[PDB]
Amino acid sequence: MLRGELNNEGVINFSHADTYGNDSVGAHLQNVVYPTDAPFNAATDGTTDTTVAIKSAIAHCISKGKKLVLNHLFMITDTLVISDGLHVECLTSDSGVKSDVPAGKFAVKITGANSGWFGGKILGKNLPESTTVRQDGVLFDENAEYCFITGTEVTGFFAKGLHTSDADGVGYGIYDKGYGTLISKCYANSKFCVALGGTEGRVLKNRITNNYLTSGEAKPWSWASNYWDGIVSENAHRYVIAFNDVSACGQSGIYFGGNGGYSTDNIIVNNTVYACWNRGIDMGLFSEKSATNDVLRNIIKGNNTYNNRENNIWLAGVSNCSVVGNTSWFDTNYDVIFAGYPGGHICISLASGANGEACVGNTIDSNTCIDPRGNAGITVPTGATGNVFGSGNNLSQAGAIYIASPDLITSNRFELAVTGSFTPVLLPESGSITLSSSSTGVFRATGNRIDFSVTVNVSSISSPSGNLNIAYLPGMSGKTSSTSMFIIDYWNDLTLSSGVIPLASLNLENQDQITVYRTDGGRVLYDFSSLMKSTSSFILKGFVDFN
């Protein structure tokens, strides 16, 4: 009669296990599955284990192609596997899971095509002081394709002391090994907040920090800490990391290596990155370079990076990477939050890799560096080649660009100018000339042109005769030149007839020398060394355009 009909329509004894006809209420209801509904019957107290109920709800929802909505904060003790394009929706910002999952496994694993998680919380025990507790939050595994997590708070996954393998528990908040994984509008806060090891991910609009600063964990930092990087990337390819707020991390805010990883073609744009205990944006080789360990072709653009202890933007042994349009700065809050533990405090730094590998083919342009201590807003190490340092960089409010060696001026391109000095010597064809130490050389590199001023003051001679070159022009050794232009505009105490004047021209066999010579009517003569006394001076000016 009526009671029988109501049961037939899931109006009473409503279970998701039952078949109802499509015009029934029971059927309409079976489109949305709560784990509290029958036959899953999840607890709602948040203390009793719900792992079994939720796994069944998952598996049902996959089987019948229905939607899963988690309507409480549910305690679990084993990994939940979100697969087969199943979407876990959280009813509110307080729903999700709380994880007593054991070390060695994740709270949640997302895999398959187009699976993911909306909203809520995925919470670990949050005991960073504990010497036993080791957990991991969310994994997108190697099979994840266009999977996602959006709007979710993933916190409290720590693991004190470094793992030896993944089986130990690592302390990942979110670890992505998938293809095309979207992580957006999430809050992630764990030993390693977000770890990237996949391809074509998008990490957009997230808040990322493990708040080392306020943690209470004794300084100094060391490998035993429960507070590492905001983002840590190894074998990460073609990620975009945009619009994130990354601060106060135990190590670096956004890191790519370079340490058993081959990380290439990532784009890091329009992020704020600050107050980190290591580097802000950190691209670096710590393992030695190989076909399977490198950092290449990454674009760092339009970010605002400041007060990061050991440099805001740090490139070590990386190649073909671009740092364009970023504002990198410090203020006296640096001295407060890092009191006792002073860092390098550099806006933008290039350095060799751990095993000596050069920065090659990197492009640094249009950045605004502010360093009120006057540290060099950009630093360049010995060994670096093929890098371009554009003139659109503004270091007026920092120290000028610092280069570790003068040979860098011809082995890279400094459009942002570089100035230095050198001690000139003279090379007569025979005999010797010795120069007073009043004698100076100055040089400025601007792109592929170098300007030179050389003041030569002889202190003594010994039987100098024949041709004469000045030496040695910084950068120019083993280099050639398309054009060059030199004059002598002052001299004293030379043995010259009247209407004989000196002439100067780059030595085309050794283009780090300038040959000095003299007129003689309708020709010139290369006898200048015999016209020199122990009291002679001259001053030479000009420039070279090198190749």
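Don't overthink the numbering: it's just position in the shown sequence, from 1.
The deposited model assigns a higher average Cα B-factor to 79-87 than to the other stretch when 198-206 and 79-87 are compared. The question of which stretch, 538-546 or 2-10, has the higher mean Cα B factor is settled in favour of 2-10. Highest CA B-factor among 102, 406, 447, 257, as stated in the entry: 102.
Comparing the C-alpha B-factors of 451, 429, 310, 145 in the entry, the top value falls on 429. Residue 163 sits in the highest third of its chain by CA B factor, as recorded in the PDB entry. Ranked by Cα temperature factor within the chain, residue 153 sits in the middle third according to the deposited record. For residue 111, the recorded CA temperature factor ranks within the middle third of the chain's modelled residues. Among the modelled residues of the chain, residue 331 sits in the lowest third by CA temperature factor in this PDB entry. Among all modelled residues in its chain, residue 433 ranks in the highest third by Cα B-factor.
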